Number of protein chains: 2
Amino acid sequence: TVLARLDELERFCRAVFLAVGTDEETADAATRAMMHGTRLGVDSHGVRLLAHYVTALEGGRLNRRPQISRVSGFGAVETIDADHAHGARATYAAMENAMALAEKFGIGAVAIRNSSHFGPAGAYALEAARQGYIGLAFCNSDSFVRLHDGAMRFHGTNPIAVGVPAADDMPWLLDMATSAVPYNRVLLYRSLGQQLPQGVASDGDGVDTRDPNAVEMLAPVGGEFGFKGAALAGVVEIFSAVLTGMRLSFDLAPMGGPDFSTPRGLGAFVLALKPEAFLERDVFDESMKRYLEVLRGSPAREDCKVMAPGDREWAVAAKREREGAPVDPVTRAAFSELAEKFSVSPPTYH
Amino acid sequence: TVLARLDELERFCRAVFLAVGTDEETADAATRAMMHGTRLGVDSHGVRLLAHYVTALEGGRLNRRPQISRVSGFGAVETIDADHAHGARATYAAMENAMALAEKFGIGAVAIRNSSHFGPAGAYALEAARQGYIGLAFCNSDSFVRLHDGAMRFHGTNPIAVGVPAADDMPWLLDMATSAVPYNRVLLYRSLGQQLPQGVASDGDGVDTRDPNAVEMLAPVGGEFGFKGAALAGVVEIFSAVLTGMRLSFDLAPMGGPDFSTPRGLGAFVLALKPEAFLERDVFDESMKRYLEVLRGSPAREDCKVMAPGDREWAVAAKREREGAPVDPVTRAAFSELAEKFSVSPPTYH
Ligand SMILES: NC(=O)c1ccc[n+]([C@@H]2O[C@H](COP(=O)([O-])OP(=O)(O)OC[C@H]3O[C@@H](n4cnc5c(N)ncnc54)[C@H](O)[C@@H]3O)[C@@H](O)[C@H]2O)c1
Ligand SMILES: NC(=O)c1ccc[n+]([C@@H]2O[C@H](COP(=O)([O-])OP(=O)(O)OC[C@H]3O[C@@H](n4cnc5c(N)ncnc54)[C@H](O)[C@@H]3O)[C@@H](O)[C@H]2O)c1
C-alpha cells in the first residue's frame with residue numbers, strides 16, 4: 001500500500017477517460033465525482049470506480065458522447081434526458097441547471113432521465129453548496145435493501161445528499177445511503193472474514209445476521225424503527241423513479257456484469273435553494289455559524305466526539321491535501337495495466 | 001374508556017376555539033390538524049392537544065386573530081410571517097400558497113415565520129397530496145434529542161412529512177420524528193412503569209437506558225448509525241430555523257409551561273411539487289400504482305406484514321370512520337369541564 005497525489009490521480013483518471021474516446025466534459029465530470037469520493041474518504045465511491053466506468057464505457061453501457069437535453073420544463077422545473085450519459089456528467093449538468101433556475105425563481109428542481117451510476121451523491125450536493133445554494137440529490141439503484149420486516153431485496157441503497165453553504169469554512173454536507181450501511185461493506189467483511197455490525201443486514205428469510213456470507217439483503221436505517229429508513233428510501237424512489245419515468249429499484253438491471261452493453265436507464269433528482277430568496281444572507285450565515293459552533297461544542301459521551309455532517313470528510317480531505325490519498329497494492333496494479341493499455345502515464349507514488 | 005364520532009369531536013374542538021375568541025379560520029385550521037391525528041391514530045398529536053392550545057391562547061402565547069403576511073418572495077418562493085398564529089393556521093395557509101406557487105412554477109417553497117406548534121406534520125403534507133401535489137413539511141422544537149455520541153438534548157424531534165398523491169386510493173404519507181421515537185413515549189412508559197425499547201433514549205451521560213425515569217434526552221433514528229438520524233434532524237433544522245430566521249432548537253423556549261404568554265417564535269418550512277410539470281400524470285400514477293402494488297405484495301418475515309408509509313394510518317382511519325375514535329376517561333373529563341367553562345355541547349359518546 002502507498003500514497004498518491006490528488007492531482008496525480010485526477011489527471012490520470014481524466015487521461016484514461018479521454019483515451020476511451022470519451023467527451024471532454026464527460027471526462028471532467030466523471031473524474032470530479034471520483035476525486036470527490038477519494039478526497040473525502042468515501043473510497044467506496046472513489047477512484048477505484050475507474051475500472052468499472054471504463055468497462056461500462058467500452059461495453060457500451062455508458063455513452064462516451066452524451067447529448068444532454070431537456071424534454072420539457074416550465075417555471076422552475078424541467079426534466080433532462082442525459083442520453084445514457086455517465087452519472088456524474090448527467091447529474092453535474094442537471095445541478096448547474098437547478099442552480100440557474102434557483103437564481104431565477106429562488107428554487108430549481110430537475111428530474112434526470114436515462115442516466116447511470118453517479119458515484120457519491122454528495123458530489124452534486126456539495127457543488128451547489130460551493131456555489132452558495134442548498135443542493136439536494138436523490139437516486140436509486142438495483143434492489144439491495146429490504147423493507148422493515150421484509151424478506152426480499154426491495155429498494156436500492158437509495159442515497160440522500162444535502163449540501164448547505166457555510167460561512168468561512170467548509171459547507172454542511174450529508175451524503176448517506178438509506179440503508180444502515182452501504183453494500184460494499186458486506187463484501188469487505190466477507191473478504192476479511194469478520195462479522196458485520198448488528199442490524200445492518202439480513203439472510204434470505206428476512207431475519208438479521210452478522211455473518212457476511214449469509215447476507216442476502218441490507219437492512220433499513222433505524223433498526224427496530226427501520227420502517228423510518230425504509231420510508232426515506234421511499235421518498236427518494238418517488239423523486240428518482242416515479243417522478244422521472246425511469247424504472248423502480250426492483251425493475252433496474254444489475255450494477256455489475258455480465259452485461260456492460262445494455263443501458264440501465266437510471267433516474268435521479270436534483271434540487272437547489274437560493275438562501276437570498278428567503279432571507280438576508282447575513283442572517284443566514286450567522287444562524288448557520290451559531291448552529292455549527294454550538295453543535296461541535298456540544299457535550300459528548302465518554303471519550304467520544306460530536307460533529308456535523310461532513311466534518312469527518314473535511315478532516316480526511318485536509319489530510320489527503322498534504323499527505324495524499326492511500327492506494328492499496330491491487331488498485332495500483334489496475335492503474336498500471338490501464339496505463340499500459342491506453343498509453344497514459346500512471347500516477348507517481350510515495 | 002369509550003368511543004366518539006369524528007364529527008362530534010370535530011364540531012366540539014371548533015366550538016371551543018371560537019369560544020376562546022379565536023378566528024374562524026384559526027378554529028378550522030386547528031381542528032383539522034387535531035382531527036388529522038385522531039383519525040390517523042397518531043393520538044399523541046390528536047384532540048388531546050386541545051387542552052394545551054386553549055391554554056396557550058388564553059395565556060396569550062397563541063394569537064387568536066393572526067394576520068398572516070408575506071414579508072417577501074420572488075419566483076416560486078416566499079417567506080410568510082404568521083403573526084404568532086397557531087401552528088396549524090400558519091402552516092395550512094403556507095401550504096395553500098406553496099400549492100398556488102407550484103401551479104405556476106412547478107414547485108412552491110414557503111418559509112414560515114413567527115409560528116407555533118402545529119401538531120402532526122403530516123396534516124399539511126397530506127393536504128397537498130389530496131390536492132394532487134407532493135408536499136413536504138419541516139419544523140423544529142425545543143431540544144430533546146442528542147447528536148450521535150452526544151451528552152445533551154440538542155435537536156428537537158424535528159419531524160419530516162412527505163405526502164404523495166396515489167391514484168384510486170389514499171395518498172402515500174410519511175410523518176416521522178427524526179428521533180427513533182417521539183418524546184411523549186417516555187412519559188407514557190414512565191406512567192405505566194415499563195422500560196423503553198433499546199436505543200430510543202439516553203441518560204444524562206449520553207449512554208442509552210431503557211428506564212423511562214433515567215431518560216434525559218431522546219436518541220436519533222439509526223442506533224449505531226444514529227448519526228444519519230441526527231444529520232436528518234439537521235436538514236430540517238436548516239429549513240426550519242436557519243432559512244426562516246427563527247430560533248434553533250436549543251434557543252427555543254419550552255413547549256410546556258409555566259409561560260403560556262410569551263410567544264416562542266417557531267419556524268417551519270413548506271414545499272409543493274406539481275407532478276404534471278415533470279411528466280405525464282398518466283405515467284406518474286401507473287408508476288406509483290405499480291410501486292405500491294409490488295411493495296404491499298413483497299415477501300415478509302415470519303408472521304409479519306410489509307406496508308408503505310401511511311398504510312397503518314389508513315387502516316385505523318377507516319376503523320375510526322365507522323366505529324369512532326376512542327376517548328379515555330381522563331380526556332373525556334377534560335372535555336366536560338371545557339364544555340362547562342365555554343358553554344359548548346360536549347361530544348356524544350358510546
Ligand atoms: N451512486 C449510488 O447509486 C449510491 C448508492 C448508495 C450509496 N452511495 C454512496 O455511498 C457513500 C457512503 O454512504 P454511507 O451511508 O455508507 O455513509 P456513512 O454511513 O459512512 O455516513 C453518512 C453520513 O453520516 C455522517 N457521519 C458519520 N459518522 C458520524 C458521526 N460520528 N457524527 C456525525 N455524523 C457522522 C457522515 O458525514 C455522512 O454524511 C455515499 O457517498 C453515497 O453517496 C452511492
Ligand atoms: N409538531 C411538532 O413539533 C412535532 C414534533 C415531533 C413529532 N411530531 C409528530 O409526532 C407524530 C409521530 O411521529 P413518529 O415518528 O413517532 O411516528 P411513528 O414512528 O409511529 O411512524 C412514523 C412513520 O413510519 C411508518 N411506519 C410505522 N410502522 C411501520 C411499519 N410497520 N411498516 C412501514 N412503515 C411503518 C408510519 O406510517 C410513519 O409514517 C407525527 O405525526 C409527527 O408529526 C410533531
# chains A, B, ... in the order shown; residues from 1 in each chain; ligands from 1

call {"tool": "residues_around", "arguments": {"residues": "residue 21 (chain A)", "least_positions_apart": "5", "cutoff": "12 Å", "atoms": "only C-alpha atoms", "output": "compact mmCIF listing (two decimals) with C-alpha atoms, in the first residue's frame"}}
result
# COMPACT_ATOMS: atom_id res chain seq x y z
CA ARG A 14 -9.20 12.15 -16.90
CA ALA A 15 -6.45 10.92 -19.21
CA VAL A 16 -7.89 7.38 -19.20
CA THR A 26 -17.73 13.59 -19.56
CA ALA A 27 -14.10 13.03 -18.57
CA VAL A 54 -14.10 2.21 -18.46
CA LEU A 57 -17.99 2.70 -21.43
CA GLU A 58 -16.16 0.20 -23.64
CA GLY A 60 -21.48 0.27 -24.49
CA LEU A 62 -22.20 4.29 -20.87
CA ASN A 63 -22.35 6.68 -23.85
CA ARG A 64 -18.97 8.32 -24.48
CA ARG A 65 -20.55 11.40 -26.08
CA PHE A 342 -4.36 3.27 -23.01

call {"tool": "residues_near_ligand", "arguments": {"ligand": "ligand 1", "cutoff": "6 Å", "atoms": "only C-alpha atoms and all ligand atoms", "output": "PDB file with N, CA, C and O atoms, in the first residue's frame"}}
result
ATOM      1  N   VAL A  42     -14.535   8.698   1.235  1.00  0.00           N
ATOM      2  CA  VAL A  42     -15.572   7.736   0.872  1.00  0.00           C
ATOM      3  C   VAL A  42     -15.028   6.982  -0.348  1.00  0.00           C
ATOM      4  O   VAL A  42     -15.477   7.152  -1.486  1.00  0.00           O
ATOM      5  N   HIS A 117     -25.007   5.235 -12.875  1.00  0.00           N
ATOM      6  CA  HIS A 117     -24.409   5.342 -11.549  1.00  0.00           C
ATOM      7  C   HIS A 117     -23.594   6.622 -11.491  1.00  0.00           C
ATOM      8  O   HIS A 117     -22.755   6.861 -12.356  1.00  0.00           O
ATOM      9  N   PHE A 118     -23.851   7.452 -10.486  1.00  0.00           N
ATOM     10  CA  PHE A 118     -23.122   8.704 -10.390  1.00  0.00           C
ATOM     11  C   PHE A 118     -22.115   8.820  -9.250  1.00  0.00           C
ATOM     12  O   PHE A 118     -21.743   9.920  -8.849  1.00  0.00           O
ATOM     13  N   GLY A 119     -21.659   7.689  -8.729  1.00  0.00           N
ATOM     14  CA  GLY A 119     -20.708   7.749  -7.636  1.00  0.00           C
ATOM     15  C   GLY A 119     -21.330   8.335  -6.381  1.00  0.00           C
ATOM     16  O   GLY A 119     -22.484   8.041  -6.060  1.00  0.00           O
ATOM     17  N   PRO A 120     -20.585   9.153  -5.630  1.00  0.00           N
ATOM     18  CA  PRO A 120     -21.120   9.751  -4.403  1.00  0.00           C
ATOM     19  C   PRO A 120     -22.188  10.825  -4.660  1.00  0.00           C
ATOM     20  O   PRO A 120     -21.967  11.770  -5.409  1.00  0.00           O
ATOM     21  N   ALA A 121     -23.335  10.681  -4.012  1.00  0.00           N
ATOM     22  CA  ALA A 121     -24.429  11.629  -4.170  1.00  0.00           C
ATOM     23  C   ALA A 121     -24.029  13.030  -3.724  1.00  0.00           C
ATOM     24  O   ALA A 121     -24.509  14.027  -4.267  1.00  0.00           O
ATOM     25  N   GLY A 122     -23.156  13.091  -2.723  1.00  0.00           N
ATOM     26  CA  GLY A 122     -22.714  14.366  -2.193  1.00  0.00           C
ATOM     27  C   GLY A 122     -21.914  15.225  -3.146  1.00  0.00           C
ATOM     28  O   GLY A 122     -21.707  16.407  -2.876  1.00  0.00           O
ATOM     29  N   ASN A 140     -31.758   6.108  -7.175  1.00  0.00           N
ATOM     30  CA  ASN A 140     -31.954   4.731  -6.759  1.00  0.00           C
ATOM     31  C   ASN A 140     -30.942   3.824  -7.457  1.00  0.00           C
ATOM     32  O   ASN A 140     -30.030   4.290  -8.151  1.00  0.00           O
ATOM     33  N   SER A 141     -31.099   2.527  -7.251  1.00  0.00           N
ATOM     34  CA  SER A 141     -30.217   1.544  -7.851  1.00  0.00           C
ATOM     35  C   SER A 141     -30.898   0.187  -7.783  1.00  0.00           C
ATOM     36  O   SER A 141     -32.037   0.091  -7.332  1.00  0.00           O
ATOM     37  N   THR A 157     -29.841   1.233  -2.534  1.00  0.00           N
ATOM     38  CA  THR A 157     -29.301   1.845  -1.329  1.00  0.00           C
ATOM     39  C   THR A 157     -29.693   3.324  -1.295  1.00  0.00           C
ATOM     40  O   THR A 157     -29.205   4.105  -0.476  1.00  0.00           O
ATOM     41  N   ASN A 158     -30.582   3.667  -2.222  1.00  0.00           N
ATOM     42  CA  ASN A 158     -31.176   4.990  -2.406  1.00  0.00           C
ATOM     43  C   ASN A 158     -30.632   6.078  -1.484  1.00  0.00           C
ATOM     44  O   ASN A 158     -31.223   6.373  -0.449  1.00  0.00           O
ATOM     45  N   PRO A 159     -29.525   6.726  -1.877  1.00  0.00           N
ATOM     46  CA  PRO A 159     -28.906   7.781  -1.071  1.00  0.00           C
ATOM     47  C   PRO A 159     -29.605   9.142  -1.045  1.00  0.00           C
ATOM     48  O   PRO A 159     -30.390   9.482  -1.937  1.00  0.00           O
ATOM     49  N   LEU A 174     -24.385  16.301   3.964  1.00  0.00           N
ATOM     50  CA  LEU A 174     -24.923  14.992   4.305  1.00  0.00           C
ATOM     51  C   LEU A 174     -24.946  14.143   3.041  1.00  0.00           C
ATOM     52  O   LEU A 174     -25.467  14.565   2.014  1.00  0.00           O
ATOM     53  N   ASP A 175     -24.361  12.957   3.119  1.00  0.00           N
ATOM     54  CA  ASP A 175     -24.322  12.032   1.993  1.00  0.00           C
ATOM     55  C   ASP A 175     -24.433  10.662   2.642  1.00  0.00           C
ATOM     56  O   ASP A 175     -23.451  10.139   3.173  1.00  0.00           O
ATOM     57  N   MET A 176     -25.623  10.080   2.582  1.00  0.00           N
ATOM     58  CA  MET A 176     -25.881   8.801   3.225  1.00  0.00           C
ATOM     59  C   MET A 176     -26.769   7.811   2.505  1.00  0.00           C
ATOM     60  O   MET A 176     -27.727   8.260   1.884  1.00  0.00           O
ATOM     61  N   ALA A 177     -26.488   6.518   2.568  1.00  0.00           N
ATOM     62  CA  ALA A 177     -27.427   5.596   1.927  1.00  0.00           C
ATOM     63  C   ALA A 177     -28.584   5.464   2.907  1.00  0.00           C
ATOM     64  O   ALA A 177     -28.402   5.723   4.096  1.00  0.00           O
ATOM     65  N   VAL A 181     -25.932   0.593   6.384  1.00  0.00           N
ATOM     66  CA  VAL A 181     -24.587   0.686   5.851  1.00  0.00           C
ATOM     67  C   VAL A 181     -24.646   0.325   4.352  1.00  0.00           C
ATOM     68  O   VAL A 181     -25.572  -0.360   3.912  1.00  0.00           O
ATOM     69  N   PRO A 182     -23.705   0.841   3.540  1.00  0.00           N
ATOM     70  CA  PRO A 182     -23.702   0.540   2.100  1.00  0.00           C
ATOM     71  C   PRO A 182     -23.398  -0.935   1.802  1.00  0.00           C
ATOM     72  O   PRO A 182     -22.941  -1.669   2.684  1.00  0.00           O
ATOM     73  N   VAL A 306     -18.582  14.816  19.065  1.00  0.00           N
ATOM     74  CA  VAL A 306     -19.763  15.162  18.291  1.00  0.00           C
ATOM     75  C   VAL A 306     -19.317  16.000  17.102  1.00  0.00           C
ATOM     76  O   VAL A 306     -18.342  16.757  17.184  1.00  0.00           O
ATOM     77  N   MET A 307     -19.983  15.806  15.974  1.00  0.00           N
ATOM     78  CA  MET A 307     -19.652  16.555  14.773  1.00  0.00           C
ATOM     79  C   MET A 307     -20.835  16.668  13.837  1.00  0.00           C
ATOM     80  O   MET A 307     -21.796  15.912  13.943  1.00  0.00           O
ATOM     81  N   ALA A 308     -20.789  17.672  12.969  1.00  0.00           N
ATOM     82  CA  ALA A 308     -21.851  17.905  11.998  1.00  0.00           C
ATOM     83  C   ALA A 308     -21.620  17.029  10.774  1.00  0.00           C
ATOM     84  O   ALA A 308     -20.561  16.414  10.641  1.00  0.00           O
ATOM     85  N   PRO A 309     -22.635  16.902   9.902  1.00  0.00           N
ATOM     86  CA  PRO A 309     -22.477  16.081   8.700  1.00  0.00           C
ATOM     87  C   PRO A 309     -21.425  16.718   7.795  1.00  0.00           C
ATOM     88  O   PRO A 309     -21.511  17.904   7.479  1.00  0.00           O
ATOM     89  N   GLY A 310     -20.434  15.932   7.396  1.00  0.00           N
ATOM     90  CA  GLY A 310     -19.378  16.448   6.546  1.00  0.00           C
ATOM     91  C   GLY A 310     -18.081  16.690   7.301  1.00  0.00           C
ATOM     92  O   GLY A 310     -17.014  16.683   6.697  1.00  0.00           O
ATOM     93  N   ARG A 312     -16.358  14.784   9.308  1.00  0.00           N
ATOM     94  CA  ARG A 312     -15.427  13.667   9.219  1.00  0.00           C
ATOM     95  C   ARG A 312     -14.734  13.696   7.859  1.00  0.00           C
ATOM     96  O   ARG A 312     -13.563  13.347   7.752  1.00  0.00           O
TER      97      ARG A 312
ATOM     98  N   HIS B 148     -25.431  11.993  17.585  1.00  0.00           N
ATOM     99  CA  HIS B 148     -24.833  10.668  17.733  1.00  0.00           C
ATOM    100  C   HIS B 148     -23.627  10.873  18.654  1.00  0.00           C
ATOM    101  O   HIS B 148     -22.833  11.797  18.438  1.00  0.00           O
ATOM    102  N   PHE B 227     -26.107   8.633  13.610  1.00  0.00           N
ATOM    103  CA  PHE B 227     -25.554   9.852  13.033  1.00  0.00           C
ATOM    104  C   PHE B 227     -26.287  10.260  11.762  1.00  0.00           C
ATOM    105  O   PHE B 227     -26.167  11.395  11.310  1.00  0.00           O
ATOM    106  N   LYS B 228     -26.981   9.306  11.151  1.00  0.00           N
ATOM    107  CA  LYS B 228     -27.762   9.576   9.951  1.00  0.00           C
ATOM    108  C   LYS B 228     -29.070  10.230  10.382  1.00  0.00           C
ATOM    109  O   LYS B 228     -29.601  11.091   9.690  1.00  0.00           O
TER     110      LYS B 228
END

call {"tool": "select_by_dssp", "arguments": {"residues": "region 7-212 of chain B", "states": "alpha helix (DSSP H)", "output": "ChimeraX atom specification"}}
result
/B:7-19,24-39,50-59,87-105,122-130,184-192

call {"tool": "closest_residue", "arguments": {"among": "A:68, A:134, A:218, A:170", "to": "chain B", "atoms": "only C-alpha atoms"}}
result
A:134

call {"tool": "residues_around", "arguments": {"residues": "residue 301 (chain B)", "least_positions_apart": "5", "cutoff": "7 Å", "atoms": "only C-alpha atoms", "output": "CSV table (one decimal) with N, CA, C and O atoms, in the first residue's frame"}}
result
chain,number,residue,atom,x,y,z
A,149,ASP,N,-39.3,-5.4,8.3
A,149,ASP,CA,-40.0,-6.7,8.4
A,149,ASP,C,-40.1,-7.4,7.0
A,149,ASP,O,-41.0,-8.3,6.8
A,150,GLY,N,-39.2,-7.1,6.1
A,150,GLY,CA,-39.3,-7.7,4.8
A,150,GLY,C,-38.4,-8.9,4.6
A,150,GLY,O,-37.6,-9.2,5.5
A,151,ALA,N,-38.6,-9.7,3.6
A,151,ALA,CA,-37.9,-10.9,3.3
A,151,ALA,C,-37.4,-11.0,1.8
A,151,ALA,O,-37.5,-12.0,1.2
A,205,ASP,N,-34.4,-15.1,4.8
A,205,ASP,CA,-35.7,-15.2,5.5
A,205,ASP,C,-36.1,-13.9,6.1
A,205,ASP,O,-37.2,-13.8,6.8
A,206,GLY,N,-35.3,-12.8,5.9
A,206,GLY,CA,-35.6,-11.5,6.4
A,206,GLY,C,-35.1,-11.3,7.9
A,206,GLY,O,-35.3,-10.2,8.4

call {"tool": "interface_residues", "arguments": {"of": "chain A", "to": "chain B", "cutoff": "6 Å", "atoms": "only C-alpha atoms", "output": "PyMOL selection string"}}
result
chain A and resi 75-77+79+105-106+149-151+206+221-222+231+242+278+284+287+299-301+309

call {"tool": "select_by_dssp", "arguments": {"residues": "region 9-156 of chain A", "states": "strand (DSSP E or B)", "output": "number ranges by chain"}}
result
A: 69-72, 77-81, 107-115, 134-139, 145, 150, 155

call {"tool": "closest_residue", "arguments": {"among": "B:336, B:343, B:114, B:143", "to": "residue 253 (chain B)", "atoms": "only C-alpha atoms"}}
result
B:143

call {"tool": "residues_around", "arguments": {"residues": "residue 330 (chain A)", "least_positions_apart": "6", "cutoff": "12 Å", "atoms": "only C-alpha atoms", "output": "PyMOL selection string"}}
result
chain A and resi 1-2+48+51+336-337

call {"tool": "atom_distance", "arguments": {"atom1": "CA of residue 41 (chain A)", "atom2": "CA of residue 113 (chain A)"}}
result
28.9 Å

call {"tool": "atom_distance", "arguments": {"atom1": "CA of residue 142 (chain B)", "atom2": "CA of residue 136 (chain A)"}}
result
26.2 Å

call {"tool": "residues_around", "arguments": {"residues": "residue 96 (chain B)", "least_positions_apart": "4", "cutoff": "9 Å", "atoms": "only C-alpha atoms", "output": "PyMOL selection string"}}
result
chain B and resi 91-92+100-101+127-128

call {"tool": "atom_distance", "arguments": {"atom1": "CA of residue 251 (chain B)", "atom2": "CA of residue 187 (chain B)"}}
result
23.1 Å

call {"tool": "residues_around", "arguments": {"residues": "residue 31 (chain B)", "least_positions_apart": "5", "cutoff": "9 Å", "atoms": "only C-alpha atoms", "output": "NGL selection string"}}
result
:B and (10-14 or 17 or 26 or 36 or 47 or 50 or 88)

call {"tool": "residues_around", "arguments": {"residues": "residue 6 (chain B)", "least_positions_apart": "2", "cutoff": "8 Å", "atoms": "only C-alpha atoms", "output": "list in words"}}
result
residues 4, 8, 9, 10, 35, 39, 320, 321, 324 and 325 of chain B

call {"tool": "write_last_selection", "arguments": {"atoms": "N, CA and C atoms", "output": "compact mmCIF listing (two decimals), in the first residue's frame"}}
result
# COMPACT_ATOMS: atom_id res chain seq x y z
N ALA B 4 -66.01 8.01 20.39
CA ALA B 4 -66.59 9.29 20.00
C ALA B 4 -66.59 9.46 18.48
N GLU B 8 -68.47 14.61 15.97
CA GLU B 8 -68.82 15.03 17.31
C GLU B 8 -67.61 15.68 17.97
N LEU B 9 -66.44 15.12 17.72
CA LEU B 9 -65.19 15.64 18.27
C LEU B 9 -64.74 16.86 17.50
N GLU B 10 -64.94 16.81 16.19
CA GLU B 10 -64.57 17.89 15.30
C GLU B 10 -65.34 19.16 15.62
N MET B 35 -57.88 16.70 14.27
CA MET B 35 -58.74 15.66 13.73
C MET B 35 -57.91 14.74 12.83
N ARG B 39 -57.86 10.89 13.62
CA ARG B 39 -58.36 9.99 12.59
C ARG B 39 -57.30 8.98 12.14
N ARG B 320 -61.86 4.28 12.43
CA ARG B 320 -62.40 5.43 13.15
C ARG B 320 -63.49 6.18 12.38
N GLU B 321 -63.72 5.77 11.14
CA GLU B 321 -64.76 6.39 10.32
C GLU B 321 -66.09 5.82 10.76
N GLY B 324 -65.50 4.88 15.27
CA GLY B 324 -65.28 6.10 16.04
C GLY B 324 -63.96 6.08 16.79
N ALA B 325 -63.50 7.26 17.20
CA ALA B 325 -62.24 7.39 17.93
C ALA B 325 -62.39 7.13 19.43

call {"tool": "closest_residue", "arguments": {"among": "B:262, B:115, B:195, B:202", "to": "ligand 2", "atoms": "only C-alpha atoms and all ligand atoms"}}
result
B:115
